[PDB]
């Protein structure tokens, strides 16, 4: 059975803190920002070339 | 690493705003005759600056600290003649 | 002729100059198929005005009283020290009265668009 | 309503000569000259008839040819009353 | 006071001799109020008196509320008929 | 009387993916009736297959769900194998299972990231298409094509 | 009185004062030196300023023409204090009003120069700067150390002169 | 006159080029967040990209659809751009360093801002499509809804200052930036500014609508340039509102000690250096806010119309009314009503 | 400017569109060259026909092409768009999109790879770079 | 690697004429050893810098301005 | 599942329900009412223990409430 509000482990103030301060949204923004400091994948065609195999048609 | 090509346009924007503001500050000071601008001036300040113009010979914001006014200060008083607000 | 008035005159001039350059330099070849409204590549029939929801009307209408409420506080924030404690009490009373109206709007669900179609929850009963 | 203005030939020829200075095509001084010439059909020349052809009529074609530039009660009110115009 | 007076008179005549649409009536109301406020504000300046400006502020707030209510009335009128006639009232 | 308002959602529309003509009827906000018109990509594939040998018909299956090419091939191959009463050898079966799951990853990358892009989450698309690039290299190395491998065949 | 509106022209009057009216000197300081001297002028000329204002109130409408002799006293007292400042404390007074000219006429931007000016004026003119209306608990702001509000750039000449006075022992 | 002209040309060039390079910065920053490069080819390091887009659009044919009020469709984007740029006349880059030093500068900001909804409102009427009218109606409703939020925060700030002069409001923050006592208002103002510019995740009209690309669907050539320029100009201008209301404008740190070490008297060198420091502080704050606009675009999916109207009228506005109550109460409790 | 601000409207009909998607993906990153895909033909310079064109779709494609403001160019991408491809003998398939619209560049492949499509875009840019505009008017 | 230090190091390794040539053709700054030359005159390079990603370790510098 | 339990049935349970299930309204209301209540209950405490109210600022020229004295000096 789904649990009701009165059987919740977290107090209402902690939940309100998560609600008003957008905790998981901030985690998502941080994950996006981490990518900004990683190496990009781009190659500079036609000066560089993607992989080609002997079977290519 | 820090991607510097992605920072180049931000650097252009930052440099443009910085240089424009510095140039504007220099132009304002030059327009003022070597002092900083007046800001947030009320009616009192406005009248005081008009009186200053009467005392320093029309030299903008130039100040004189001599106790006694010149003779011309007696006769260069201005009233304003305002057109009828129809 | 201070910088304020010159700048305000200058902005529309630049807009008009860009428009004039575009008119002078781009080609202009209207024809019937090009002149059609773009709706995903097809053509739709002309229709009587769509029936709209009341919340669409209500947001725009209720903007005006709330906007006036907010803008009536400008004389207070420009006179707060002069009116200090008496005016503080008065502005509190004014705010509370307007909040009663906000309460009315919230409790009546006045800006909610209700999805007319809802899942059927009736039990299935068989007459044996 | 299409706007027509009549002008003196000298004034209008001067204008068309002036406008020939821009790089895009524009009404010619010689077209103003031709405006005073009415069509003159050679009495002895083959026509559409000799090709077994029958020209269409401008009045019947104009609406089709000009369609993109077209500008655009008592029963309607009574009928309108039965419909819904505002909803939740 | 000329500009306010002319605006008020012409707006009133536009309201009265309106035989075109109902929106013109709404607009003429709004602009008559504007003309009255202009006359009042000029007198307030010439007397150096805050009472005129206070009344003008109140007039602005009341014109806002009157606009809101008038357009609510128009929408309620539209709800039953689906259209506004050039005599729509 | 309720009067529906009718909109052509698509075909030339980002969400309609270029080819769906979704004729919707709205009463204000809500959809009351929906009528998807399709066949803007009807190619007559089923008619064409009847004029082909089974081997010649296999590449048509690549081009049905054209992010899931190898599983399309797999279903046609399994049907023909059942009619032929032959058995795929064990290593072939393992390659088909492995590349079926690679194909499932490719498909789900496309579908989840396209779904997110439609709602407005634009970034998962880029991140997932790099993974798709890596897997398409495996496609190309076994078959010589990035998309239409024609790799899984009856037998 | 309101400022002038849409179109106005300034006009000067070329007449002389009527000869019955005794002539008087006019104050020659501009806004910054006057603001610098204002508290000393208040301290010295309070009785004459009060008498002038009381005359104006009692005249009940004719104040300009009825208080001219009181106004003459007011202006002479102001000229006297500014002359005394120009004779005994000119360097510090100039420090203070030039600082004011750089700081939008805000006294909070010029506390170092003002400290020297106040010490000079008190020692050689026996005038004291004081803010009316405060209780003994309340501290006058110009005497406050470590204020919340500080100038963007402490004035160069004033900083040097203040440090020098602290070495000498005058301040 | 001459100085006035030079100052206006400098300010205008800086603003227009900053707007041009913001589009390049958005493309590059989104790209690197998405593990790609972005424009690096049109000009060195892709630094001429915006100018290529501008010239291309300036040479592109203007189309006037058949059922269209052509005048209204060509003037609506023009007026939105004109109001968007007029907003810059009151932004100061140092004390009194502005084109318009208005004692009613805050009021000017709000009034010109409230002229910002007419583009969306008139663009839909430009044609004769009911898709267009509904989309314009929604976008207008969102715009005025979040206008209320922004105005409320303005008034809450003026409660601390009692002045409509923007320089004065900045000057009072030398004691503390107003984002420190009112940090939730910083969050709310940023959220509302993103909504007011109709940026993601508040981009209903352009990206989930009947028309394929908002109410600019029918625009080509220079009208499209006007709409695009007005949008990015409003991004920077609303960020400047954020900066002077809550971030201390052109204030960074007390450089009195450093200046007294470097210089011994006033000169054009010291004046130029102080101007540079002030302008660089304001510029770096603007850079962080622009980066935040792009970052939020990178991270989130879109709201629906119902979701955002609910967010404004049921969640944000009641909080702002509660703040209307609590701020003057705190000023009263501690006897800290600001003087004029 | 025409080369550097290259804005295509996508007629993303079929599997070819997948390869077009990969041109915008991080490995090739089309927007590094200034390419931005636009929903509206009103804001587009290039039409890329990427997929099988059916008879039911042909008027729709013509309509989208006609609403493009000038100057305008068309790239045919893939065998289906080029000449009908695998479905050339179908009752429901247009045998090449050049029966409906003028075509500036043909990109071969089924599908063309991302690099092949980029090569075709480069060919169109070469054609752009060699266009006479004011020199052509000067010749007149 | 998107770092500025990589670009500065490669430009130093490669020299200013080569820096400007690369900036005017490919737009990045690569430093690697020459492997060989085309019949057409194109030159081919391989780099082993650890800051270069997979599929970027081989590249060509074209002989003519209208490269293809 | 969760539903409004009615304020009048039980005050504290309803307040808990609101804090858990309507945080936006609950904390908007808490913040709104905190102000005036704090004003009434705390300003006298601040006056008694922290610091008294400040002396009023002049608003105009402070006119003496007295008769004009006879005075001397700076005469014509």
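Order of writing sets the labels: A, B, C, D, E, F, G, H, I, J and K. Residues in every chain begin at 1.
Note that in this section a residue touches a chain if its C-beta (ideal position, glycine included) is under 8 Å from a C-beta of that chain, and two chains touch if they have at least 3 such contacts.
Protein identities per chain, from UniProt: B = NADH dehydrogenase [ubiquinone] 1 alpha subcomplex subunit 1; C = NADH-ubiquinone oxidoreductase chain 3; E = NADH-ubiquinone oxidoreductase chain 4L; G = NADH-ubiquinone oxidoreductase; H = NADH-ubiquinone oxidoreductase chain 1.
If you take subunit B and subunit K together, the chains in touch with both are A, G, H. More C-beta pairs touch across one of A-B and B-J than the other; that pair is B-J. Averaging the CA coordinates per chain and comparing them to the mean over all protein CA atoms picks out H as nearest.
Here the CA centre of subunit D is 62 Å from the CA centre of subunit J. Note on chain placement: the centre of subunit A and the centre of subunit D lie 62 Å apart, centres being C-alpha means.
Note: centroid distance subunit A to subunit E, computed from Cα atoms, is 55 Å. For subunit I, residues touching at least two other chains, in rising order: 25-27, 29, 32, 39-42, 60, 64, 67, 69-70, 113, 122. Touching of two or more other chains is recorded for residues 68, 83-87 of subunit D. Across the assembly, subunit E contributes residues 45, 75 that each touch 2 or more other chains. Note for the complex: subunit A touches subunit F at residues 32, 35, 41, 51-53, 55-57.
Considering their complex, residues 22, 24, 47-48, 50-51, 53-55, 57-58, 69, 72-73, 76-77, 80, 132-135, 137-138 of subunit G touch subunit K. Chain contact summary for the complex, subunit F toward subunit C: residues 2-3, 5-13, 16, 21, 26-30, 32. Put simply, subunit F touches subunit H in their complex at residues 5, 7, 9, 12-15, 29, 116, 119-123, 126-127, 130. Listing the residues of subunit H that touch subunit K in their complex gives 314-315, 318-319, 321-323, 325-330, 332-335, 339.
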